[PDB]
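Input: a single structure, listed below in structure tokens.
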Amino acid sequence: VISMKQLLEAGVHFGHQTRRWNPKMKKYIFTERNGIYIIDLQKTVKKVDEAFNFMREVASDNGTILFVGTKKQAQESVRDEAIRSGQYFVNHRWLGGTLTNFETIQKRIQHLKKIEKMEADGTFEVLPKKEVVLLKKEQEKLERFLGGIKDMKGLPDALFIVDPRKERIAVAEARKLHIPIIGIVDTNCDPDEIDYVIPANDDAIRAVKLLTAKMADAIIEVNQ
RNA sequence: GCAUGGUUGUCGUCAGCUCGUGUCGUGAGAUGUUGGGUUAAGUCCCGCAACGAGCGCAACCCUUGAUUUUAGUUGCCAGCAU
Ligand SMILES: [Mg+2]
Ligand SMILES: [Mg+2]
Ligand SMILES: [Mg+2]
Ligand SMILES: [Mg+2]
Ligand SMILES: [Mg+2]
Ligand SMILES: [Mg+2]
Ligand SMILES: [Mg+2]
Ligand SMILES: [Mg+2]
Ligand SMILES: [Mg+2]
């Protein structure tokens with residue numbers, strides 16, 4: 001239920017190129033400007049409503065969602081929305097096998113929390129060099145890749161991606177695992193493998209925040 | 001010793017040889033173990049559909065180079081003379 005004035009004032013309608021686009025996205029097209037394709041805003045507001053209603057149904061029983069923002073233009077936007085809405089996200093590289101190999105990756109998560117109590121209850125250092133360096137250097141890398149996904153317990157119930165052309169592993173890893181997928185698609189992205197596509201621009205920083213925070217408002221609406 | 005246990009040599013103290021769970025391939029198989037740097041070394045980092053681990057490397061062991069305590073003879077001789 002976003003008015004076109006907000007979408008237009010962000011920069012959502014912009015596209016990538018006339019040379020770099022997916023023919024499957026033809027129906028979500030409105031006029032060719034000077035070298036750029038433009039999304040039909042009338043379609044976007046209709047599309048965003050279905051995703052607006054759907055992702056509170058998945059969160060109707062205090063469910064769980066995932067936010068994928070590895071792109072450099074949406075690292076904080078997913079973090080800002082997930083933290084504010086009390087959910088989960090990923091910002092650094094998507095480690096292959098996060099979902100299909102959830103059994104193995106979870107063993108890595110408990111290892112990072114294992115060292116957490118070392119500086120919380122146990123001895124600060126075991127050796128002057130090994131514990132101070134080898135044990136501590138692991139935490140910086142281990143908590144950079146996993147980070148704010150450590151509080152999950154089981155497989156997610158819905159997935160949020162911003163650029164399915166870049167985040168391809170996540171997409172393929174969710175279809176094999178049969179998880180509903182919602183996300184924003186550019187002019188060169190492929191809508192066939194997504195469930196609840198949202199035609200919009202994602203390179204424009206002022207355009208990502210409009211949708212990513214709006215989606216965060218639907219899940220926050222029912223968990224009360 | 002071109003039938004064998006053994007016991008050995010040289011490549012070589014070179015840095016390699018693999019496994020589990022995932023993923024790609026109809027399939028034998030592949031990835032991890034390739035790419036950019038770095039190191040004595042798949043040593044270590046960064047980047048990637050991989051995430052980890054085992055035998056190898058390094059470490060544990062012996063000897064030399066500084067030092068504390070302990071025990072002072074058959075070793076040592078400053079304080080004392082002989
Ligand atoms: Mg023989
Ligand atoms: Mg002979
Ligand atoms: Mg020789
Ligand atoms: Mg197969
Ligand atoms: Mg090899
Ligand atoms: Mg060597
Ligand atoms: Mg050794
Ligand atoms: Mg020594
Ligand atoms: Mg002494």
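By order in the structure tokens, chains are A, B, ...; within a chain, residues start at 1; ligands start at 1, following the order shown.
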Inset, instruction - Find the spatial neighbours of residue 6 of chain A, counting only C-alpha atoms (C1' of nucleotides), within a cut-off of 10 Å - ignore same-chain residues fewer than 6 positions away - and output them as a PyMOL selection string. - result: chain A and resi 12+207+210
Output file for the residues above (C-alpha atoms, as a CSV table (one decimal), in the first residue's frame):
```
chain,number,residue,atom,x,y,z
A,12,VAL,CA,12.6,2.6,-8.0
A,207,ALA,CA,15.0,2.8,-3.2
A,210,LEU,CA,11.6,2.1,1.0
```
Legend entry - Contact residues (chain B, partner chain A, 7 Å, only C-alpha atoms (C1' of nucleotides)) as an MDAnalysis selection string: chainID B and resid 21:22 49:51
Could you save the residues just selected, with C-alpha atoms (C1' of nucleotides), as a PDB file, in the first residue's frame?
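File result_19.pdb, as written:
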```pdb
ATOM      1  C1'   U B  21      28.263 -33.800   5.206  1.00  0.00           C
ATOM      2  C1'   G B  22      26.628 -30.717   1.158  1.00  0.00           C
ATOM      3  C1'   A B  49      29.438 -24.063  -4.031  1.00  0.00           C
ATOM      4  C1'   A B  50      31.523 -25.215  -0.276  1.00  0.00           C
ATOM      5  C1'   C B  51      31.753 -26.003   5.313  1.00  0.00           C
TER       6        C B  51
END
```
Inset, instruction - Taking the chain letters and numbering used in this document, name the residues of segment 80-223 of chain A that DSSP puts in alpha helix (DSSP H), as a VMD selection string. - result: chain A and resid 80 to 85 102 to 116 136 to 145 168 to 177 205 to 222
Legend entry - At most 12 Å from ligand 4 (only C-alpha atoms (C1' of nucleotides) and all ligand atoms): residue list as a PyMOL selection string: chain B and resi 23-27+29
Inset, instruction - Please measure the separation of atom CA of residue 197 of chain A and atom CA of residue 47 of chain A, giving the value in Å to one decimal. - result: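 Computed distance, atom CA of residue 197 of chain A to atom CA of residue 47 of chain A, equals 7.2 Å.
The gap separating atom CA of residue 175 of chain A from atom CA of residue 85 of chain A is 25.5 Å, in Å to one decimal.
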Expected answer as a PDB file with N, CA and C atoms (P, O5', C5', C4', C3', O3' and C1' of nucleotides), in the first residue's frame: residues within 12 Å of ligand 8, only C-alpha atoms (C1' of nucleotides) and all ligand atoms:
```
ATOM      1  P     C B  61      59.114 -30.638  25.737  1.00  0.00           P
ATOM      2  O5'   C B  61      59.981 -31.851  25.193  1.00  0.00           O
ATOM      3  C5'   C B  61      59.814 -33.142  25.744  1.00  0.00           C
ATOM      4  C4'   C B  61      60.736 -34.140  25.099  1.00  0.00           C
ATOM      5  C3'   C B  61      62.214 -33.802  25.121  1.00  0.00           C
ATOM      6  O3'   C B  61      62.828 -34.100  26.362  1.00  0.00           O
ATOM      7  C1'   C B  61      61.596 -34.578  22.973  1.00  0.00           C
ATOM      8  P     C B  62      63.900 -33.094  27.003  1.00  0.00           P
ATOM      9  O5'   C B  62      65.253 -33.426  26.242  1.00  0.00           O
ATOM     10  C5'   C B  62      65.843 -34.712  26.322  1.00  0.00           C
ATOM     11  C4'   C B  62      67.008 -34.840  25.373  1.00  0.00           C
ATOM     12  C3'   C B  62      68.089 -33.785  25.506  1.00  0.00           C
ATOM     13  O3'   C B  62      68.988 -34.068  26.560  1.00  0.00           O
ATOM     14  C1'   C B  62      67.556 -34.096  23.229  1.00  0.00           C
ATOM     15  P     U B  63      69.645 -32.880  27.411  1.00  0.00           P
ATOM     16  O5'   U B  63      70.700 -32.233  26.414  1.00  0.00           O
ATOM     17  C5'   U B  63      71.881 -32.925  26.048  1.00  0.00           C
ATOM     18  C4'   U B  63      72.661 -32.156  25.017  1.00  0.00           C
ATOM     19  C3'   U B  63      72.950 -30.708  25.363  1.00  0.00           C
ATOM     20  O3'   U B  63      74.073 -30.557  26.205  1.00  0.00           O
ATOM     21  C1'   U B  63      72.105 -30.830  23.174  1.00  0.00           C
ATOM     22  P     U B  64      74.244 -29.221  27.070  1.00  0.00           P
ATOM     23  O5'   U B  64      74.566 -28.101  25.991  1.00  0.00           O
ATOM     24  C5'   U B  64      75.806 -28.096  25.308  1.00  0.00           C
ATOM     25  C4'   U B  64      75.911 -26.932  24.361  1.00  0.00           C
ATOM     26  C3'   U B  64      75.666 -25.563  24.959  1.00  0.00           C
ATOM     27  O3'   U B  64      76.795 -25.045  25.628  1.00  0.00           O
ATOM     28  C1'   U B  64      74.448 -25.764  22.966  1.00  0.00           C
ATOM     29  P     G B  65      76.595 -24.117  26.914  1.00  0.00           P
ATOM     30  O5'   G B  65      76.014 -22.762  26.316  1.00  0.00           O
ATOM     31  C5'   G B  65      76.788 -21.995  25.411  1.00  0.00           C
ATOM     32  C4'   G B  65      76.084 -20.737  24.958  1.00  0.00           C
ATOM     33  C3'   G B  65      75.386 -19.914  26.024  1.00  0.00           C
ATOM     34  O3'   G B  65      76.271 -19.144  26.817  1.00  0.00           O
ATOM     35  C1'   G B  65      73.982 -20.106  24.154  1.00  0.00           C
TER      36        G B  65
END
```
Inset, instruction - Throw together the list of residues within 10 Å of ligand 1, counting only C-alpha atoms (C1' of nucleotides) and all ligand atoms, and drop it here as an NGL selection string. - result: :B and (1-5)
Inset, instruction - Find the residues around residue 41 of chain B up to 10 Å (only C-alpha atoms (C1' of nucleotides) counted), leave out those fewer than 6 positions away in its own chain, and share them as number ranges by chain. - result: B: 15, 57-58
Legend entry - Nearby residues, ligand 9, 10 Å, only C-alpha atoms (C1' of nucleotides) and all ligand atoms, as a count of residues only: 4
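Between residue 40 of chain A and the residues A:55, A:127, A:171, A:4, the shortest atom-to-atom distance, using only C-alpha atoms, involves A:4.
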Inset, instruction - Can you tell me which residues come within 8 Å of ligand 5 when counting only C-alpha atoms (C1' of nucleotides) and all ligand atoms, ideally as a PyMOL selection string? - result: chain B and resi 16-17+33+42
